[PDB]
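Enquirer: Got a structure here, written out as structure tokens. Questions coming.
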Amino acid sequence: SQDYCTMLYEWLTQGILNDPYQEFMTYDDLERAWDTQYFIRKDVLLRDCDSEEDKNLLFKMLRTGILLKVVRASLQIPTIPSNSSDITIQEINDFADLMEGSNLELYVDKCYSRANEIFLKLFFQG
Amino acid sequence: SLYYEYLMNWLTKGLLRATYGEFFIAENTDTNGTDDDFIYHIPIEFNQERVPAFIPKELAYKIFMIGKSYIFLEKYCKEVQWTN
């Protein structure tokens, strides 16, 4: 799961979707090009998305990635500098631990806080 | 050693995962229409007849209460960061 952790970390901290093998939870359509629609591959999800907290976590991940991609596309930059927020995210170096319990919920919560901070900074100032 | 793993799971995560009825704390989602959604219940029972003879009933109640309080804080008080 190391490469999957890499993809998830990228989607959670920079909104980048490098998914050449159709694996990640979500993906952009449309391969002018800004009215993008996201989908969610239900089959490849990590949590079954049946209860309410699992759906909350899933959509928090999706929204974190979406907001970070928006921020990154507006500034015409290829990546968001790590100093753009005081909430810094570490890499996922143990997938089993991350999926143990509420660990994934806190990880996605930190990523969502950083994403919302940067997105609101960008909109309300730039 | 594996019973200690049971206890460790219950005391640090509120988990009754794969105990097969060997633990003195069983998840009890069996209700009779009263609190179908566990607004008042925390559906977990504590059988005093299953406490092993090498655990004092006081420490067994303390274990039950530690697990119940962890599940409480994490699910109803939404205290996720502190519980983690």
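Following the order of the structure tokens, first chain is A, next is B, and so on, with residues numbered from 1 inside each chain and ligands from 1 in the order they appear.
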Can you work out which residues from chain A touch chain B at a cut-off of 10 Å (counting only C-alpha atoms) and hand them back as JSON, numbers by chain?
Expert: {"A": [53, 100, 101, 102, 103, 105, 106, 109]}
Enquirer: Tell me, as a VMD selection string, which residues lie within 9 Å of residue 111 of chain A, counting only C-alpha atoms; anything in the same chain fewer than 5 positions away does not count.
Expert: chain A and resid 12 to 13 61 64 to 65 87 to 89 106 116
Enquirer: Figure out the distance between atom CA of residue 14 of chain B and atom CA of residue 1 of chain B, please, to one decimal in Å.
Expert: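 Calculated distance between atom CA of residue 1 of chain B and atom CA of residue 14 of chain B is 18.4 Å.
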Enquirer: Can you list, as a list in words, every protein, DNA or RNA residue that comes within 12 Å of segment 28-30 of chain A when you count only C-alpha atoms, leaving out same-chain residues fewer than 2 positions away?
Expert: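 Contacts, with the query itself left out: residues 11, 15, 16, 17, 18, 19, 20, 22, 24, 25, 26, 32, 33, 34, 35, 36, 37, 38, 39, 40, 41, 62, 65, 66 and 69 of chain A.
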Enquirer: For segment 55-68 of chain B, find every residue with an atom within 12 Å (counting only C-alpha atoms), except residues of its own chain fewer than 5 positions away, and show them as a PyMOL selection string.
Expert: chain B and resi 3-4+6-16+23-27+41-50+73-76+83
Enquirer: Where does DSSP see strand (DSSP E) in chain B, if you list the residues as a compact mmCIF listing (two decimals) with C-alpha atoms, in the first residue's frame?
Expert:
# COMPACT_ATOMS: atom_id res chain seq x y z
CA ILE B 25 -17.88 -7.45 27.66
CA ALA B 26 -20.21 -8.24 24.77
CA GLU B 27 -21.70 -5.84 22.26
CA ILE B 44 -22.73 -2.75 25.43
CA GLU B 45 -23.40 -5.11 28.34
CA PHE B 46 -21.06 -6.30 31.09
Enquirer: When you count only C-alpha atoms, which of these residues is closest to residue 96 of chain A: A:14, A:1, A:83, A:74?
Expert: A:1
Enquirer: Could you go through chain B and tell me which residues DSSP, when run on the backbone, assigns to alpha helix (DSSP H), listing them as a ChimeraX atom specification?
Expert: /B:2-13,57-75,80-83
Enquirer: I'd like the neighbourhood of residue 3 of chain A as a PyMOL selection string, where a residue qualifies if any of its atoms comes within 12 Å (using only C-alpha atoms), though same-chain residues fewer than 5 positions away should be ignored.
Expert: chain A and resi 8-10+18-19+23-24+91-95
Enquirer: Using only C-alpha atoms for the distances, tell me which of A:63, A:27, A:47, A:126 is nearest to residue 99 of chain A.
Expert: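 The closest residue to residue 99 of chain A is A:47.
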Enquirer: Tell me, in Å to one decimal, how far atom CA of residue 51 of chain B is from atom CA of residue 28 of chain B.
Expert: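 Rounded to one decimal, the two atoms are 16.9 Å apart.
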Enquirer: Quick check, in Å to one decimal: how far apart do atom CA of residue 70 of chain A and atom CA of residue 51 of chain A lie?
Expert: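 These atoms are spaced 28.7 Å apart.
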